[PDB]
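Scroll down for the structure; my scribbles are underneath it.
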Amino acid sequence: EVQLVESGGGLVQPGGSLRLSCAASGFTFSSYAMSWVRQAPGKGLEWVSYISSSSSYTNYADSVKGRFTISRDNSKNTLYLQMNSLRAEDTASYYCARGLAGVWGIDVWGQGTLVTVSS
Amino acid sequence: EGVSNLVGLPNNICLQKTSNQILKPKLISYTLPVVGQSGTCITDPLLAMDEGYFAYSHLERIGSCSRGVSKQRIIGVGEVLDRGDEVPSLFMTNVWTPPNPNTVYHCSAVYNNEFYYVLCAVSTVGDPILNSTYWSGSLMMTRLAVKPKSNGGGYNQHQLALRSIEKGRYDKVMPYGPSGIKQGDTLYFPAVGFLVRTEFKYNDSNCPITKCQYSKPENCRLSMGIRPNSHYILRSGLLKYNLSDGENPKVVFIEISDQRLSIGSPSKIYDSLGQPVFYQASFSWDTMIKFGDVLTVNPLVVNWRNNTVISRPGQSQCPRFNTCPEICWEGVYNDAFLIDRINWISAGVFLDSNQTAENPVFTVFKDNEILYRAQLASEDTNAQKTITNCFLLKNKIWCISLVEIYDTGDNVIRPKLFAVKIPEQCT
Ligand SMILES: *[C@@H]1O[C@H](CO)[C@@H](O[C@@H]2O[C@H](CO)[C@@H](O[C@@H]3O[C@H](CO[C@H]4O[C@H](CO)[C@@H](O)[C@H](O)[C@@H]4O)[C@@H](O)[C@H](O[C@H]4O[C@H](CO)[C@@H](O)[C@H](O)[C@@H]4O)[C@@H]3O)[C@H](O)[C@H]2NC(C)=O)[C@H](O)[C@H]1NC(C)=O
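Protein chains in written order, with the authors' numbering: chain B, 1 to 119; chain A, 176 to 602.
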């Protein structure tokens, strides 16, 4: 049907980098949004990056402007969320899903990936 | 190709009453599996679809739902595309949040050329319809669009500041409606005016007192207000916005005709097969569905289709299938999109229970009959507000509905999306 896998790990020291990756099976990856969403333990969904089709518009979640940078690839289905200079307020789980944000979920979310910032 | 509105001659659909489970609604709102408590109750939904562009608005309140502090006011716009399986889905393209979430109430939406104008109300005293004798009266208008062209200026957030509202004989106007219509250079938002109760003209003769021996003849007069002893009555109608005239556009109000007049409630006017159809939510004694064809625009004449097979549930004081006047401002929003006008058929998500709102069902019904029903939830699932908008896929007809079902997986009333395919052939 539709498979969206979120790889990557956590348990990092405040201040550094992280190279997240995503997977896509089923729907066409070059024609859909496929944005990122963040879920903190105890909090709700927090949008962190939205990517459109072939680069025309990119919204970088002004709350965190220069810390994140999302990138898309139509040749190989993979959505990168390379993080730069992370902080302790980013300890949460990332999900690469169709649709920008809110409560709308196009397909099944999936397992996800855990990112921890401590020590 | 793509998602278009109802304009022309679509594929002929079944025109016979059948009950062999011909409808199969799917869900397009798979929510994240939240664990533990939620404390994120979602109230005040909004779903406006036009020309393949959809809008959404919801308020997240911490703790309870009636009395809870606001956290985030999300106003989103997006395109309507396919889900890879010939099923339409809502791809939201832009999301914005006002600075103060506890001041934005009762938004609207319309799409004229490339802007999804969201018309909300600014309130610093509470809720507009709840607090009417202390509300300022200022309105908020945001120009949301698709593909904001990041390498540009203010074409992602521009909030138009209304100069002044010119009311004919009203005091305060407020946009109360999910979706309106466009006519090139004139926007029409479904709204309601807070008219003075001591200056309203309604003779006590047009009241439907045919066979209402238990009812009282003086019930029609004291019914267009939120309370019997209220200073402001709700008069539904439209807000005309002329964005093509003057340096900065103005807003005027046009009231609904006196023909079958009721209290102001969340209304929606939508184009179909040509002309626009107007629906007013049954938040009054008239439990029957109130929708009809719009003849004129300036005086707002709307012929209401007398349908006596679909009603609205109440709170054990004004149940379904009730026609006589009764003082009860209790109801839920349950619209009905007109599919075909050669034979009057409308599809809407209603509640088949003459009790507390339960068991949402997608019903496609003709003038006086129930053609098709689809059960998308158990008889114990509770609902609060149902919005339904139909449109044209590649060649078929598909109806998207936002329903406030009780998500058993999260133990909270959560707005979920559903896509219903209109049966092409009965066989
Ligand atoms: C169920 O829903 C349908 C459609 O939605 C309703 O059908 C319409 O009902 C309205 C009711 O007002 C009708 O409007 C009236 O039609 C009368 C028909 O008169 C005929 O005969 C005269 C003879 O001279 C002709 O001139 C005329 O053209 C017709 O052929 C009109 O006479 C009425 O006008 C008079 O009354 C109005 C009342 O306000 C006055 O203002 C006028 O000045 C005039 O004195 C009026 O126009 C309408 O025609 C119906 N349409 C159809 C297609 O039938 C049903 O009524 C509704 N069911 C119920 C129970 O309400």
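Note that the Cβ used here is the ideal one computed from N, Cα and C, for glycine as well.
Under 7 Å from any heavy atom of ligand 1, does the C-beta of residue i make it?
{"i": "A/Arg480", "result": "yes"}
Indicate the three-state DSSP secondary structure (helix, strand or coil) for residue i in the structure shown.
{"i": "A/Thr268", "result": "strand"}
{"i": "A/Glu430", "result": "strand"}
{"i": "A/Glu261", "result": "coil"}
{"i": "A/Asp515", "result": "strand"}
{"i": "A/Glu254", "result": "strand"}
{"i": "B/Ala88", "result": "helix"}
{"i": "A/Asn481", "result": "coil"}
{"i": "A/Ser398", "result": "helix"}
{"i": "A/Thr538", "result": "strand"}
{"i": "A/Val210", "result": "coil"}
{"i": "A/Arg372", "result": "helix"}
{"i": "A/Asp585", "result": "coil"}
{"i": "B/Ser63", "result": "helix"}
{"i": "A/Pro350", "result": "strand"}
{"i": "A/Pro276", "result": "helix"}
{"i": "A/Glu393", "result": "helix"}
{"i": "A/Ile562", "result": "strand"}
{"i": "A/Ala532", "result": "coil"}
{"i": "A/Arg548", "result": "strand"}
Strictly under 8 Å for the Cβ-Cβ distance: is residue i near chain A by that measure?
{"i": "B/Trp104", "result": "yes"}
{"i": "B/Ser56", "result": "yes"}
{"i": "B/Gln82", "result": "no"}
{"i": "B/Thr28", "result": "yes"}
{"i": "B/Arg72", "result": "no"}
{"i": "B/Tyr32", "result": "yes"}
{"i": "B/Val117", "result": "no"}
{"i": "B/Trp47", "result": "yes"}
{"i": "B/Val108", "result": "yes"}
{"i": "residue 142 of chain B", "result": "The requested residue 142 of chain B does not occur in the structure, where chain B is confined to residues 1 to 119."}
{"i": "B/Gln3", "result": "no"}
{"i": "B/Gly8", "result": "no"}
{"i": "B/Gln111", "result": "no"}
{"i": "B/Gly44", "result": "yes"}
{"i": "B/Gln39", "result": "yes"}
Chain B beta carbons: is any one of them nearer than 8 Å to that of residue i?
{"i": "A/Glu235", "result": "yes"}
{"i": "residue 138 of chain A", "result": "With chain A covering 176 to 602 only, the question about residue 138 of chain A has no answer from this structure."}
{"i": "A/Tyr231", "result": "yes"}
{"i": "A/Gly251", "result": "yes"}
{"i": "A/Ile580", "result": "no"}
{"i": "A/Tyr228", "result": "no"}
{"i": "A/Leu475", "result": "no"}
{"i": "A/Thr317", "result": "no"}
{"i": "A/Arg248", "result": "no"}
{"i": "A/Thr206", "result": "yes"}
{"i": "A/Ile588", "result": "no"}
{"i": "A/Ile203", "result": "yes"}
{"i": "A/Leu546", "result": "no"}
{"i": "A/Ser576", "result": "no"}
{"i": "A/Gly328", "result": "no"}
Contiguous alpha helix (DSSP H) assignments of at least 4 residues, all confined to the region 278–347 of chain A: none
Chain B contacts from the region 266–292 of chain A (Cβ-Cβ distance under 8 Å): Within the region 266–292 of chain A, the qualifying residues are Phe266, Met267, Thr268, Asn269 and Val270.
Could you name the residues of the region 345–361 of chain A whose beta carbon sits closer than 9 Å to any beta carbon of chain B, in the order they occur along the chain? none
In the region 507–521 of chain A, which residues sit with their C-beta less than 9 Å from some C-beta in chain B, listed in chain order? none
Any C-beta of chain B within less than 7 Å: which residues of the region 211–224 of chain A qualify? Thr215 and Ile217
Would you list, in chain order, the members of the region 88–100 of chain B that have their beta-carbon closer than 8 Å to a beta-carbon of chain A? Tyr95, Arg98, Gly99 and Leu100
Report the residue ranges of all beta strand (DSSP E) runs contained in full by the region 177–248 of chain A; include only those spanning at least 3 residues, in chain order. 216–218, 222–225 and 228–238
For the region 403–432 of chain A, enumerate the residues whose C-beta is nearer than 7 Å to any C-beta of chain B, in chain order. none
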